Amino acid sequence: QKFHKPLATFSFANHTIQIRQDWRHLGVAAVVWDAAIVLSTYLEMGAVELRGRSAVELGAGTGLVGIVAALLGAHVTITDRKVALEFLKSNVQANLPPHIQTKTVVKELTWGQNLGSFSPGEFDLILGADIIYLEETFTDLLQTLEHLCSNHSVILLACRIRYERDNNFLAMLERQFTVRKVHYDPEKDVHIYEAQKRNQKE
């Protein structure tokens, strides 16, 4: 029902964020999911180092998490697939001051595709809010995390565990990475997992 609203408004990092929404004509990438609100709240509370830190957001959708992380001092590469790009670029540009904008990159990253255009030790922080849902690209997503996550890098995945497939991806993630519960929101039923490369000796 919140999805039907043409505009979703939030207060994060001493700023009013006005997200344009389009559930009807664009769908999933054009609405703010609860996991993006929960992850953005967690980033604000202080357990994560953000100031001057290199960050990438995967499947940003509207871009809330990436916007909040940028406003909190990170150098964020806010990404999604080609079809979501235009709408993502519009919410980012209209919600960031120009001094934050120069430290922000809005570009495409389709999971497991053109991974070579990204440096394996480029990002210290990897973000994803409610991006676990499409079984057909689970391998694509794991190959992206494995390509981007250096030994120092931390992954923060905010999830709504809906079906068996969700636990399956988390088991796939656990094979190569340490996966630890760092936050749980009962009313929104969202868990934030932190992931790190397990065998750092390679």
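Residues carry their position along the shown sequence, with the first being 1.
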property	result
Given 136 to 144 and 43 to 51, the range whose Cα B-factors average higher in the PDB entry	43 to 51
115 to 123 versus 73 to 81 - which carries the larger mean C-alpha B factor in the record	115 to 123
Third of chain Cα B-factors occupied by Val56	lowest
Assigned third (lowest, middle, highest) for the C-alpha B factor of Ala129	lowest
Cα B factor band for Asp22 (lowest, middle or highest third within the chain)	middle
Chain third (lowest, middle, highest) by recorded CA B-factor, residue given as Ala13	highest
Modelled-residue ranking by C-alpha temperature factor, third containing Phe177	middle
